[PDB]
Structures are given as structure tokens and as C-alpha cells.
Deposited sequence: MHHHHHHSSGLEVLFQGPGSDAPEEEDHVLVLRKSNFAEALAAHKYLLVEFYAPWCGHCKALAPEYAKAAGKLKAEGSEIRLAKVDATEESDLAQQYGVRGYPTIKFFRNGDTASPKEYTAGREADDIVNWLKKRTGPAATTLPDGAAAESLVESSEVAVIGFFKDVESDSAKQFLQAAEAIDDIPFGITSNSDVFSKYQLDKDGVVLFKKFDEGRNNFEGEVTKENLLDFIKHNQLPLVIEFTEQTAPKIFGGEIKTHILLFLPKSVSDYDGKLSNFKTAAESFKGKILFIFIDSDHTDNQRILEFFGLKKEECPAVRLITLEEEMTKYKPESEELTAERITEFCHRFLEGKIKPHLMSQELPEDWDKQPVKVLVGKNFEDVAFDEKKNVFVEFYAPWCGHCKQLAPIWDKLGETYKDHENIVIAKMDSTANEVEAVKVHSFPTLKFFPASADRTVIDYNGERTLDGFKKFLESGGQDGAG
């Protein structure tokens, strides 16, 4: 009826507004949601006519569509010219072209990004893997083994009736995950192979416990939680890291170029055992330039590593009391942290000789206390990062503010690089962060949450921070 029938309606253009170009569906903001409701498998390309990547890609996109049609496949390809549908494209955060996204069952909340090859054949292939059965049917034990053996991590469901409710939820979760192979079996021999007492699920992996058994009601939600949780090894080398439930991280900085890489690495591994859900153990290669930001964020060079640092994400940083990395010292550090016995680790660049030369004063960890907490001064401080776009957008305004106050008796405008400096009294996780320290108010701090404009700042300052944000 509805799930598959269109009844009498006129919602948008008549002709000759094209509906299809070379088997590719033309979509607009007036025929988008209808397309998604009518096609359970729809790849959509967002392009612009002046983009060279698009101009090049068009004929292969067409070819793949033509081949798909010649096979009477359910899958269809569409396109959206972003220049004429910009709201539509903005809706999916499309910045840059082409941006290709795959929609399953018309759900607009879980599009999968297409990053694969640019030839018609790799398009079709990608789509064929992602369509059809979410798990591979396993006929026997050899198949099961062959599957767990093929991947660092694999997941198998055991269901007597493959069309049953729980089987269908399991398949539901199989669809949501791309980086793990899934398999499914109704063979009771395969149940026995894995010691199952009834319909259930198991995750195999090439490290640690070697395996994890699912417990509880079988639902898409429960399985996604079970997997994303047991998928990572005790010691991980990104997006999954932040996805995590644990807000306490320990980092071993390990140059791939170090002597006895695997031994020291193993000492770390040994210490990870005492904290499973308590603290996340992470190692990283301090040689690879991709990490050089992180290093500087912890105040380390390259010859100072290996080293270990702790960080609570809501947020101070710590390091161990001693320089020795043994399993035992790592463990001891972790425990001394958990007791509140480890005191935070602070860093500061060196105080430049011209810090106070400009109207905006420059602070580092060392003179910060001295200037910001002076009882006689009203100090307005910007905490920023060097590579931050929002900090770059604020720079000219902050300078203007400094300018208008440079001759003030008691008001001082200033800034600190918060990637390079850690201070006791203030903790910054986002950038820029703006904070006011009034005169003759002890150590009161007031946050600036209002407009970032010369105007908002003047109102704020002239009122002593009592009106602003």
C-alpha cells in the first residue's frame, strides 16, 4: 500500500525537469525523502559541476548504474548537485566534493560514507558486500573456524531458526558494523563446537582471552554495546578510544625505534591487567610525526621518551614519581593515582623577554600566578591553541580589545597557549576559553560566556564581570 505505493499527489515540478540521467536518479530537496522511502538501497553522490573530481567520476558512476540496471538489481544510484541544493547538502554536512553516502532502508540518521575505489566495478562491489545478508551462513565447523581465522576479530550468531526474532536483531547489528565479519549458523554441531547451551552470540579475537560470550537479552542495542566493548585489546595503539566509557587514560610514549620495544611494551601489558574497566592503556609511536602534536601537549620532546603520562578527561595530567618503567612501577603509579596521592603535572614554556611589550600580555605557566592573581589588577585572559580555527577567528578582536585598554590603570588583557602550559588554578579542555580575574576579589574567577565582540567585552569589563555571558 504505502510502504510501496504512491497515491495521488503533486509535490513539485512537472516536466521537463529530468528524473533520470544515464540511469542515475536526479534528486532535489523536493524529491529526496520520497526517494529514500521508495528505495531500501540508495547510493547518493553530492557533487558540483566545477569540481574536477566529479567531472572525472560521472561516467564511471553512470557505468556502474547501467550495469546495475542490466542486472535488474534493487540497488539504485542518485545524485544531488549541491550548488542548486545547498540546504539539502548542508543537511548532511557535505563540505567538499564529491561526497558519496549510502542509505539503507531510507534511514537518514545512519548514512555510510563511501571512501572506496573510483571505478564502476569497485562501486558495484562495495555495494554488493553491503547489501543482501548481513551475516554469512556457516554450514559446519570448518566454515566457522575458517571465518574466525580470517580476521583479527569476528562475530558468530547461533540460532536454530534463522528467521526468528533474535536472529533478526543479530542481523540488525551485523548491518551496523563494517569492520568485523559476521557469520550465522543453525547447525547444532556448530553449537557444540562452541559449548552453547542455546541460541546465543560469541566474539572471537586474536588476542587476550581469545573469546567473549554474550550474556543477556539479544537485541541490536545489547550486541552493539557488547561488541564495541570487547572489540579492543587490553593495550590499544582512535575514534574508538573517544567512543569509550572510561575517562581515565594512561599513555606509554614508545618510539618504534627504541631498543627492546617488545619487552618494555610487555611491561606495560603486564600492568594493564590490574585495571580493565578502570583505566585505558594506550601506547603510541613518538617517532611518527603524526603524533608530534600529542607530544607537545604533554610537554615532551622525542629523546625524553619512552615515558608515561596519565590524563583524566574530566581534566588534569600526571606523571610517575620515578623514572623507572617496570610493570611494578607502572602499577604503583596507577594505584597512587587512584588514591588521590599523585599531584598534577604542570608545564610552562619559557617566559619571553617581550611578554609585556604588546598591549596583549603573554603568559606562561611560570608568571601566570604572578600576573593573573595580583589583587590590584583586573585581568582578562584568553586560553587558546596554535592550530585552532576558532582561536584564529578571535585573534583580531582580542588584539583590538588589548588596544583599547593598553593605558588603563588597573585592567590587563592577556593570553596563554594552553597546549604548552598547565596551571594549577585553571583547566581548559576547549579553545578558546576566556576567563576574568577581578581586582580585590581574592582569587575569584568569572567565566566569559557571552558574545565575542569588542562590545560584549567592554560591557563585561566595565561592569566588573557582574553583567556578561
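Unmodelled regions of the deposited chain sequence (numbering from residue 1, in sequence order): 1-5, 243-247, 325-326, 482.
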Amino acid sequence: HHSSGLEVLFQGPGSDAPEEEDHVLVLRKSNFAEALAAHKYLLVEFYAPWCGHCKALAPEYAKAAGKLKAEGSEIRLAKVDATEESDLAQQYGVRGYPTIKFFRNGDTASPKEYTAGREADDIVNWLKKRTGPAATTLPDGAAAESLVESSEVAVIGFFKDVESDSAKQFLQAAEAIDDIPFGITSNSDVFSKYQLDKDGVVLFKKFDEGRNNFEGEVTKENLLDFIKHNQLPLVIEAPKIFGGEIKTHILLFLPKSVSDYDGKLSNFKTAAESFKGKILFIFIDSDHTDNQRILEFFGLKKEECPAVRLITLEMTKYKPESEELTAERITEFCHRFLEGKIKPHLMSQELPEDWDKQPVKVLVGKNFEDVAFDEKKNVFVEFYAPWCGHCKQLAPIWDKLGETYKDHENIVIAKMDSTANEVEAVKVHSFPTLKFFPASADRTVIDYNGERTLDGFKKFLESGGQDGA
From here on, numbers count along this sequence of modelled residues.
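For the pair 72-80 and 354-362, the record assigns the higher mean C-alpha temperature factor to 354-362. In this entry, 239-247 has the higher mean Cα B-factor, the comparison being between 375-383 and 239-247. The top Cα temperature factor in the record, among 347, 135, 252, 334, falls on 347.
In this entry, the residue among 461, 25, 445, 17 with the greatest C-alpha B factor is 17.
Residue 34: CA B factor in the highest third of modelled residues in this chain (values from the PDB entry).
When all modelled residues of the chain are sorted by CA temperature factor, residue 181 is found within the middle third. The deposited CA B-factor of residue 45 belongs to the lowest third of values across its chain. Compared with the other modelled residues of the chain, the Cα B-factor recorded for residue 449 ranks in the middle third.
The deposited CA B-factor of residue 429 belongs to the highest third of values across its chain.
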